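Structure first, commentary second.
Both counts, for ligands and for their atoms, begin at 1 and track the order of listing. Each chain gets a letter, A, B and so on, in the order the sequences are listed, and its residues count up from 1. All values below come from the heavy atoms of this structure, side chains included, with hydrogens, waters and symmetry mates left out.
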Amino acid sequence: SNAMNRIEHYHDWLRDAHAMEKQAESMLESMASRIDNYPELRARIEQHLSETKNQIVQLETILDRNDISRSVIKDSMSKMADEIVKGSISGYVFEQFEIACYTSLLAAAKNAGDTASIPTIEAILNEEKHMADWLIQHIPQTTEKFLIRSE
Amino acid sequence: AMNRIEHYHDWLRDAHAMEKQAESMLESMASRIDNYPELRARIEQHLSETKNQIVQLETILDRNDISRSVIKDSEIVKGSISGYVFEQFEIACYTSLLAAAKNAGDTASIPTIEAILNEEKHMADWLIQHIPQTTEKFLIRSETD
Ligand SMILES: [Cl-]
Ligand SMILES: [Fe+3]
Ligand SMILES: [Fe+3]
Ligand SMILES: [Mg+2]
Ligand SMILES: [Mg+2]
């Protein structure tokens, strides 16, 4: 037996989530800088970048509550880890990764007893769901625009 | 209108390559799930669904007079997350493919693509609904072992 293995897993996933948000922040900045001629899509990506910068700040508060720090290695490795249509699809898929990871993290925080952090995790998760919903709603419009312009 | 139809054809070929990736991923996942009978069973049911999705895409390819692209074709917590993300990639790709089929006027294929999309949505749903249980099970095991 070692009960402390559960807490080690929780702390590892908190560090994973922090690294994931660094990856998101890089991805969103890159996408925004590259998009031309899709004003709504670009602006929503720019808004989510702002949201993601705050998600990092919020995760750092959770790390602090648990008396741990980010992994600099993981933060760095996560930053190493047709186009408008494919890129929209890619963006959606990354938000769904975030959704899955935060859903798992809610269960982990519950298991660990870190009740005080659950409403922050929920706040983040709700922002990812809102972004994923926006994107999947706009994918058909984007696909139509792309096809119209291909002619 | 030829460029639009070509894009739609390219994306049909992309979807067919994707479903071969899925078939491979599902088999590999079924073999690695050792502590969630209900999850492995869901995955096995989806693998069967996926083999049929490939046959349906093959009918759509034929009806559009195209062929698959040869070149394009050829732990448990992180695994469940990865499976979910792959179903979500399929959801996003079929959401786009539906819009493309409507634009290109391959209206005949809409019901088959919609059927595929609803399968993917059901699998994604099962997965996220059960990620909390998978996580709890994993954590308990990590202590017990
Ligand atoms: Cl737009
Ligand atoms: Fe996000
Ligand atoms: Fe699937
Ligand atoms: Mg995020
Ligand atoms: Mg599929």
Side-chain angles (χ1 to χ4, degrees), chain A residues 13-14 16-32 44-60 62 75 78 88 90-105 120-136, chain B residues 11-12 14-27 29 42-43 45-58 60 73 83-98 112-124 126-127:
Chain A
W13 296 339
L14 287 175
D16 293 337
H18 186 277
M20 177 183 80
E21 294 298 350
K22 299 306 299 215
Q23 174 169 17
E25 169 187 47
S26 174
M27 183 190 298
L28 290 158
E29 290 167 334
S30 178
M31 299 176 76
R44 185 69 182 85
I45 291 168
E46 293 171 332
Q47 187 52 210
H48 197 57
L49 173 59
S50 297
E51 296 161 335
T52 294
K53 295 182 179 288
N54 184 54
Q55 295 174 359
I56 292 163
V57 172
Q58 289 172 298
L59 287 174
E60 287 163 354
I62 298 169
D75 283 352
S78 73
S88 297
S90 291
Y92 176 79
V93 173
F94 195 89
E95 301 300 321
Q96 288 290 357
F97 174 58
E98 304 185 286
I99 288 163
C101 286
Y102 287 120
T103 298
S104 176
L105 197 68
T120 302
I121 297 162
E122 178 189 31
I124 299 173
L125 170 57
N126 281 342
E127 284 180 352
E128 316 299 18
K129 289 175 175 185
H130 284 291
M131 182 58 167
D133 284 349
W134 195 100
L135 292 168
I136 197 69
Chain B
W11 298 333
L12 285 173
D14 291 337
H16 175 274
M18 172 186 80
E19 290 295 355
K20 301 286 214 194
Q21 176 169 5
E23 180 177 36
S24 168
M25 192 197 68
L26 289 165
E27 298 170 37
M29 285 174 74
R42 194 65 189 80
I43 294 181
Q45 168 195 344
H46 197 52
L47 173 62
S48 189
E49 278 149 7
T50 299
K51 294 201 188 281
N52 183 55
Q53 292 170 0
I54 297 163
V55 167
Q56 296 173 309
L57 286 178
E58 286 166 359
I60 295 171
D73 285 350
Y84 175 79
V85 168
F86 192 91
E87 296 308 314
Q88 292 287 359
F89 173 59
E90 306 186 283
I91 289 163
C93 290
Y94 286 121
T95 296
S96 181
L97 197 68
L98 274 167
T112 295
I113 299 164
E114 282 173 9
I116 299 171
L117 172 57
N118 281 349
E119 293 162 74
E120 314 299 12
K121 282 181 170 180
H122 287 283
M123 185 61 156
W126 195 97
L127 290 168

Legend entry - Angle subtended at the Mg ion (ligand 5) by B:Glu19 OE1 and B:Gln53 OE1, rounded to 10 degrees: 90°
Inset, instruction - Please confirm whether the backbone N or O of A:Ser26 pairs with a side-chain atom of A:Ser30, one donor and one acceptor, at under 3.5 Å? - result: no
Legend entry - Main-chain N/O of A:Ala100 paired with A:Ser104 side-chain donor or acceptor, under 3.5 Å: no
Among the N/O/S atoms of [X], select the one at the shortest distance from the Fe ion (ligand 2) and name it.
{"X": "A:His48", "result": "NE2"}
{"X": "A:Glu128", "result": "OE1"}
{"X": "A:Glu95", "result": "OE1"}
{"X": "A:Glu98", "result": "OE1"}

Legend entry - Shortest non-hydrogen separation from B:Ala124 to B:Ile91 and the atoms involved: CB-CD1, 3.7 Å
Inset, instruction - Work out which heavy atom in A:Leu59 is nearest to a heavy atom in A:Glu21; give both atom names and the distance. - result: CD1-CG, 3.7 Å
Inset, instruction - Check the side chains of B:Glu90 and B:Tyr94 for a donor-acceptor pair under 3.5 angstrom, ignoring hydrogens and angles. - result: no
Inset, instruction - Before accepting this row, confirm whether a basic side-chain N of the pair A:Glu51/A:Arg44 lies closer than 4.0 Å to the acidic partner's carboxylate O. - result: yes
Inset, instruction - For the Mg ion (ligand 5), decide whether B:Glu90 has an N, O or S atom at a distance under 2.8 Å. - result: yes
Inset, instruction - Starting from the Mg ion (ligand 4), look over the N/O/S atoms of A:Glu128 and name the nearest one. - result: OE2
